[PDB]
Amino acid sequence: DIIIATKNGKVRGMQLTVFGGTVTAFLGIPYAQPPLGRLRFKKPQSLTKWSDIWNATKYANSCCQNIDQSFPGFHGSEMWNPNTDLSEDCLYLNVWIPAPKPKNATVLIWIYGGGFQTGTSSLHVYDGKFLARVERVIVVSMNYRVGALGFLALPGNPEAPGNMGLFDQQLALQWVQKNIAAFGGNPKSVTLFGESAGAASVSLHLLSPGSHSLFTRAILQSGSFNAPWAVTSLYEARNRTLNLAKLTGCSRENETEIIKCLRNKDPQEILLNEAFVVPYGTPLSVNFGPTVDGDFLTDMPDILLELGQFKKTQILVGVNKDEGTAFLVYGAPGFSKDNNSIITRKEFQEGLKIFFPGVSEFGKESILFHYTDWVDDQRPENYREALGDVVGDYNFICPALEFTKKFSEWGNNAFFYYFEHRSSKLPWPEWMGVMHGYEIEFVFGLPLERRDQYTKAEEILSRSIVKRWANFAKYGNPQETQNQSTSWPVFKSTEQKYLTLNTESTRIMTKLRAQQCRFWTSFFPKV
Ligand SMILES: COC[C@@H]1CCCN(CCNC(=O)c2cc3nn(CC4CCCCC4)cc3cc2Oc2ccc(F)cc2F)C1
Ligand SMILES: *[C@@H]1O[C@H](CO[C@@H]2O[C@@H](C)[C@@H](O)[C@@H](O)[C@@H]2O)[C@@H](O[C@@H]2O[C@H](CO)[C@@H](O)[C@H](O)[C@H]2NC(C)=O)[C@H](O)[C@H]1NC(C)=O
Ligand SMILES: *[C@@H]1O[C@H](CO[C@@H]2O[C@@H](C)[C@@H](O)[C@@H](O)[C@@H]2O)[C@@H](O[C@@H]2O[C@H](CO)[C@@H](O)[C@H](O)[C@H]2NC(C)=O)[C@H](O)[C@H]1NC(C)=O
Ligand SMILES: *[C@@H]1O[C@H](CO[C@@H]2O[C@@H](C)[C@@H](O)[C@@H](O)[C@@H]2O)[C@@H](O)[C@H](O)[C@H]1NC(C)=O
Ligand SMILES: *[C@@H]1O[C@H](CO)[C@@H](O)[C@H](O)[C@H]1NC(C)=O
Ligand SMILES: *[C@@H]1O[C@H](CO)[C@@H](O)[C@H](O)[C@H]1NC(C)=O
Ligand SMILES: *[C@@H]1O[C@H](CO)[C@@H](O)[C@H](O)[C@H]1NC(C)=O
Ligand SMILES: [Cl-]
Ligand SMILES: [Cl-]
Ligand SMILES: [Cl-]
């Protein structure tokens with residue numbers, strides 16, 4: 001029987017067998033007053049202590065969210081949907097600790113992604129028990145509010161100030177600061193990592209003064225706040241908050257009375273109207289996301305990045321070979337997961353309108369011009385592969401590259417990876433390649449489970465990635481020192497070296513997507 005005394009009460013865990021050893025899991029520890037009633041849309045409030053023994057023995061509720069229902073019965077999409085009840089009462093976190101209890105273990109904190117509209121810490125690809133068993137780090141993950149319940153903004157107004165979900169994450173980092181030592185963790189050796197919206201979150205914690213003292217190092221997988229989907233303007237945030245109020249019959253004159261009105265609606269009416277607060281948005285539109293609130297975020301984050309106003313520490317940043325392909329079947333004409341999605345020039349051009357809705361005619365012609373000068377105009381998948389690269393380069397790879405370049409110019413060590421292994425178990429079609437999100441399971445060491453039908457080469461790749469990530473957390477340096485591995489060089493803005501992750505041979509390359517990112521980073525923002 002394992003019971004830890006925390007600052008707010010006792011908590012009881014459970015033991016798990018992992019690889020012939022033991023991990024102690026504390027699932028579903030609350031870290032905040034449940035944000036219900038007059039607390040909906042406000043910053044997370046601190047936790048009133050309890051005297052009982054909280055049984056932290058099952059994952060808690062996931063936060064309210066709309067569910068991906070685009071492929072019913074399909075594991076490739078449904079494995080990302082929540083696996084616990086949805087509830088506004090969802091401010092809980094999980095803790096995996098090695099057994100026997102470590103003495104002063106490095107802590108890894110996971111922040112899931114999901115477009116800031118979905119996600120939950122209880123997905124099985126986020127299960128922290130392998131990392132605690134194999135690397136003897138402590139793994140923590142938390143649920144944070146998403147969608148309008150997490151990011152509805154009336155900037156200035158504390159009834160709905162924006163960024164509530166980011167403050168949920170922040171209050172969880174504070175909880176680790178105040179409690180993780182009781183579990184054998186080192187509060188001074190805390191690494192944040194996350195993917196997609198989670199990675200963009202991590203990068204915003206690097207800018208936020210209130211998080212400066214809450215973590216040591218940061219890892220950003222396929223995401224950074226300067227991606228074009230990661231930050232909402234104050235103009236959009238207001239236009240979207242008012243649109244939501246109109247659609248719910250809540251639009252008033254006194255802003256505080258709109259919030260009071262929105263507080264009496266049931267989550268489902270809020271959820272069902274979220275989709276339409278944007279007149280013309282991309283697929284999976286980030287309706288409600290981070291804003292410049294003057295609290296978590298003091299200025300436009302591009303300005304903070306450009307002028308060195310962020311935490312000085314090491315970062316590990318990376319992307320996947322085919323970031324864009326997964327999004328093409330959520331609205332691009334001519335695409336399907338169930339055929340090879342060979343599209344025409346006209347279909348390509350229609351796709352640009354789908355994924356660049358507000359953009360001028362000239363703007364979309366400039367995208368076409370730069371991605372359609374063919375090595376071979378007779379190849380039939382030309383337009384299918386160009387559209388994926390367009391979405392991937394614009395939304396993930398080039399912003400991540402630009403974030404790393406700008407961040408390292410202020411002197412800190414940065415390491416950049418390029419993940420290019422397609423999972424042998426991947427259920428999506430082969431034309432999607434090395435998909436967004438399908439490195440996570442390698443990071444969490446799922447292929448270390450020989451029962452799970454991964455190949456041997458994938459077990460070795462996962463083991464190497466898990467060592468590099470852990471060595472980055474512990475020591476600030478993502479090396480595998482014992483197995484004659486390729487040394488991972490620091491990323492510098494002059495040379496721009498990066499490391500490729502694959503099953504065969506790990507390589508040092510330079511200047512990923514150089515031609516494409518000069519287009520997206522220097523030209524396209526003008527249009
Ligand atoms: C991506 O779709 C299939 C994947 C397989 C692997 C990871 N995904 C699971 C993890 N969620 C994501 O990665 C996620 C990434 C996103 N980026 N944005 C901005 C912008 C949108 C236009 C193009 C470029 C980026 C919006 C996103 C929504 C996402 O979450 C989903 C939410 C509701 C849903 F109905 C389906 C979702 F995905 C499921
Ligand atoms: C700010 O929002 C208005 C509100 O229009 C919304 O449109 C519906 C789809 C739904 O979300 C409702 O709650 C809102 O009324 C936008 O006005 C629309 O603009 C488009 C083109 O920009 C036009 O075709 C529509 O006819 C407009 N609809 C109405 C009802 O006025 C407005 O454009 C938004 N502002 C910006 C800069 O995008
Ligand atoms: C690939 O499939 C898309 C999607 O079509 C659906 O999925 C298929 C697997 C099959 O079950 C179809 O009957 C379904 O309609 C095809 O695109 C559609 O093409 C039709 C007719 O040509 C057109 O009217 C629709 O609007 C298209 N739908 C979309 C979403 O684009 C596509 O043609 C198929 N391509 C190849 C090369 O096989
Ligand atoms: C635990 O260790 C502390 C120092 O941790 C180390 O220094 C920090 C700044 C990080 O770089 C981190 O990665 C290092 O591991 C001690 O100050 C502390 O007292 C120790 N506590 C114990 C052993 O109970
Ligand atoms: C926690 O679990 C133990 C049994 O393992 C039980 O005695 C106790 O009542 C539980 N606490 C609850 C249900 O709150
Ligand atoms: C709006 O209503 C709130 C809540 O009663 C009140 O405190 C505030 O002063 C009002 N402001 C205006 C401008 O009507
Ligand atoms: C190093 O190599 C051995 C086999 O030589 C392998 O079993 C082990 O897991 C490897 N370790 C890492 C950290 O990659
Ligand atoms: Cl609900
Ligand atoms: Cl052509
Ligand atoms: Cl260059």
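Distance from the C-alpha centroid of region 426-486 to that of region 90-132: 17 Å, rounded to the whole angstrom. Remark: the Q268-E495 segment gains 76.7 nm on full extension, using 0.36 nm per residue and subtracting the alpha carbon distance.
Restricting region 31-119 to trypsin sites (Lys or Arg not before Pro) that sit in a DSSP loop and have at most 14 other Cβ atoms within 10 Å of their own Cβ leaves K49, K58, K103. A convex hull fitted around the alpha carbon atoms of the chain yields 146 Å³ per residue. Here the peptides 520-527, 379-386, 132-139, 305-312 are ranked by packing, the mean other Cβ count within 10 Å, and the order with the highest first is 132-139, 379-386, 305-312, 520-527.
For region 219-234, the residues whose amide N sits under 18 Å from a probe point set 7 Å from the Cα of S485 along the beta carbon direction are 219-221. Note on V125 and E361: the extension gain reaches 80.9 nm, defined as 0.36 nm multiplied by sequence separation minus the Cα-Cα distance.
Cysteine residues of the chain whose Cβ has no partner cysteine Cβ closer than 4.7 Å: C64. The fewest-to-most ranking of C261, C517 by surrounding Cβ atoms within 10 Å reads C261, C517. Separation of the alpha carbons by more than 18 angstrom is noted, of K364/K526; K10/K49; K337/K456; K321/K364, for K337/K456; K321/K364.
Take region 140-259, compute every pairwise Cα distance, and split them into 10 Å bins from 0; I just need the percent in each bin. P(r) over region 140-259, rounded to whole percents: 13, 39, 28, 16, 5, 0. Spatially, region 234-308 and region 1-69 are offset by 28 Å when compared through their Cα centroids.
For the peptides 389-397, 15-23, residues were scored by their other Cβ atoms within 10 Å and the scores averaged per peptide; the highest-first order is 389-397, 15-23. Summing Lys and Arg as +1 and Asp and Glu as -1 over all other residues whose Cβ lies under 12 Å from the Cβ of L166 gives a net charge of -1. The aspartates and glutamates within cross-link reach of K467, meaning a Cα-to-Cα straight distance under 16 Å and a gap of 8 or more places when in the same chain, are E135, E439, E441, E449, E458, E459, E480. Highest mean packing comes first when the peptides 110-118, 264-272 are listed by Cβ atoms within 10 Å, giving 110-118, 264-272. Listing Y126, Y475 from fewest to most neighbouring C-beta atoms within 10 Å gives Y475, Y126. Extension gain for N254-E430 works out to 58.0 nm (0.36 nm per residue, less the C-alpha to C-alpha distance). Local charge for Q479 was computed over the other residues whose Cβ lies under 9 Å away, with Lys and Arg +1 and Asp and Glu -1, and equals +1. The loop-placed trypsin sites (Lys or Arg not before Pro) in region 328-371, going by DSSP, include none that has at most 13 neighbouring Cβ atoms within 10 Å of its Cβ.
Only the coordinates and a few stated rules stand behind these numbers; no lab work does. FYI the Cβ positions are ideal-geometry reconstructions off the backbone, even for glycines, and counts take in every protein chain you see.
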